[PDB]
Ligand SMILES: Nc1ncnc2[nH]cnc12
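Read the single chain below, which is given as structure tokens and is the form solved without the ligand.
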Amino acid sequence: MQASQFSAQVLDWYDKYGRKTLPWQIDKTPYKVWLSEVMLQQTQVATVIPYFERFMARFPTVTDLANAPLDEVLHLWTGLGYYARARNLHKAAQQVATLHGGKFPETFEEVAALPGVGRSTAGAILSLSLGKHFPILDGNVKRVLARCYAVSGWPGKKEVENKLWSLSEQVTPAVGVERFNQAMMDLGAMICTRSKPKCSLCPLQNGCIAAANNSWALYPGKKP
């Protein structure tokens, strides 16, 4: 499907059905988007929301998080699993307090230099909170693009992951990037699911190659 048609259909879909009232979209900031991206990495949204709210009440700024004892951070994380995320979260807050005056960095290289933050998390923080023109590629997004454009192969191989980053760059627009990147997370979470995707509710169904051939189970490829 042509890229300009892809982005316009995703944006029109988000206008009419999209998630717009999550706590981190009210009065968005880079701090709020970073905290939400780290909690969502290995946890589903319904579980994350109460934890996000308790972390913003206790730590209203990144300096408050940096100055707190690591044990108080681990105690509030209890129940989220995957505690390396919490240890990296605290070190990253200390780096922002120490190197950047307590203000969350706004350039890609400085954001991705934080522990716990990779290439997709960095572009999510800067596109969603400030409107910068960066694409994302988490597991939800990988599945939508690999099925729409029939990208087989395991994304654990570099050549395959690079093909997926190039497709995400191509379909991600500059006008409406904040809406588009949230919409691709929503589609991958709620519509183009791992098992039996809901293609009749998908705004890409008229041009998706997997839907034309009922071949969604081939994309992305699995570990060989």
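For every residue, the number given is its place in the sequence shown, counted from 1.
Separately, the form solved in complex with the ligand exists; it is not shown, and the next lines address it.
Here the chain stands by itself, but in the deposited complex one stretch of 62-70, 181-189, 153-161, 167-175, 181-189, has heavy atoms within 4.5 Å of the ligand. Although the partner is absent from this view, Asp138 contacts the ligand in the deposited complex, with a non-hydrogen atom inside 4.5 angstroms. Although the partner is absent here, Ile49 lies well away from the ligand in the deposited complex, with no heavy atom inside 4.5 Å.
Interface membership of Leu40, defined by any non-hydrogen atom within 4.5 Å of the ligand in the deposited complex, is confirmed. By the criterion of a heavy atom within 4.5 Å, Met56 is excluded from the residues contacting the ligand in the deposited complex.
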